[PDB]
Amino acid sequence: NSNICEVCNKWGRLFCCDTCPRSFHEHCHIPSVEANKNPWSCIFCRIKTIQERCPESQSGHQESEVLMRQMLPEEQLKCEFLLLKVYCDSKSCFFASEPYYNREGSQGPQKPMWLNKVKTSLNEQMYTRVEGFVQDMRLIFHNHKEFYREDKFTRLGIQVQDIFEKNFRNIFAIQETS
Ligand SMILES: [Zn+2]
Ligand SMILES: [Zn+2]
Ligand SMILES: [Zn+2]
């Protein structure tokens, strides 16, 4: 196995996947690494199994159809993995915890949002459709762009949104377009 966490790239108290060489901090994995379960398979492995059991699940889909899906176990897993892929980028630190807004010439967003809030919401089964999760994720970046205006810091929103959107197209097999 790897000797660093796949998500944050630090050593520490690591749980090792039994079916691949990845390792994780307890709360870096999503869902948090399960108490018992020998063997244990990480989220990467669980997602790969879905694809292998239903190869046709990789044919292209329309985003509008994916968003209306109910959050059954496979869609719950897919959103957890997508959230994890965002946390894998170090620039997610800016969006992880609860923000506050006091900048001359700007007003804070009406509906603040952050990664750890989305994480709790997924854990508590608060989303009934994929749309709920995707809306909250896109709201993080939209709030950031609106608040920071012309400050160059706005670019961090664009950057982390791009990681989100590329991973959303990959995980949910969104039909490729120009
Ligand atoms: Zn970690
Ligand atoms: Zn694995
Ligand atoms: Zn199938």
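The figures here come from the full heavy-atom set of this structure, side chains too, leaving out hydrogens, waters and symmetry mates. Starting from 1, each residue takes its place in the sequence as its number.
Looking only at distances, a side-chain donor or acceptor of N1 sits under 3.5 Å from a matching main-chain atom of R22. Judged by distance alone, the side chain of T120 and the main-chain N or O of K117 form no donor-acceptor pair under 3.5 Å. Side chain of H27 to backbone of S32: no donor-acceptor contact under 3.5 angstrom is found. Remark: side-chain polar atoms of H61 are paired, donor with acceptor, to backbone N or O of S59 under 3.5 angstrom. Here the side chain of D136 pairs no donor or acceptor atom with the backbone of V118 at under 3.5 angstrom. Formation of a donor-acceptor pair under 3.5 Å by the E176 side chain with backbone atoms of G60 is not found in this model.
Following chains of ILVMFWY side-chain contacts shorter than 4.5 Å, one can reach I171 starting from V130, so the two form part of one hydrophobic cluster. Linking ILVMFWY residues whenever their side-chain heavy atoms come closer than 4.5 Å, directly or via other members, places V160 and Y101 in the same cluster.
Counting heavy atoms from C-beta on, the side chains of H29 and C42 come closer than 4.5 Å. Between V7 and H25, every side-chain heavy-atom pair lies at or beyond the 4.5 Å cut-off. Counting heavy atoms from C-beta on, the side chains of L82 and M137 never come closer than 4.5 Å.
Residues satisfying the ring pair (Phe, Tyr, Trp, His ring centres under 6.0 Å) criterion with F172, sequence neighbours excluded, are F168. Looking at residues two or more places apart in sequence or on another chain, you find a side-chain hydrogen bond (donor to acceptor under 3.5 Å, both in side chains) between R138 and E63, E165.
Taking a 6.0 Å sphere around CZ of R155, one finds it holds 12 or fewer heavy atoms contributed by other residues, nucleotides or ligands. Counted within 6.0 Å of CD on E56, heavy atoms from surrounding residues, nucleotides or ligands total more than 12; the atom is thus considered enclosed.
If you take NZ on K78 and CD1 on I43, they are separated by 11.5 Å, rounding to the nearest 0.5 Å. In this structure, the separation between NZ on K85 and CZ on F44 is 4.5 Å, given to the nearest 0.5 Å. Between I30 atom CD1 and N123 atom CG the span is 10.0 Å, to the nearest 0.5 Å.
A salt bridge links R69 to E65: at least one charged side-chain nitrogen sits closer than 4.0 Å to a carboxylate oxygen. Taking the charged nitrogens against the carboxylate oxygens, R149 and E104 have no contact shorter than 4.0 Å, which rules out a salt bridge.
Note: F164 and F133 have tilted aromatic rings, judged against thresholds of 30 and 60 degrees for the angle between ring planes.
Note: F153 and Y148 meet the aromatic proximity criterion, with ring centroids under 6.0 Å apart.
A donor and an acceptor atom, one from each side chain of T19 and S41, are located under 3.5 Å apart.
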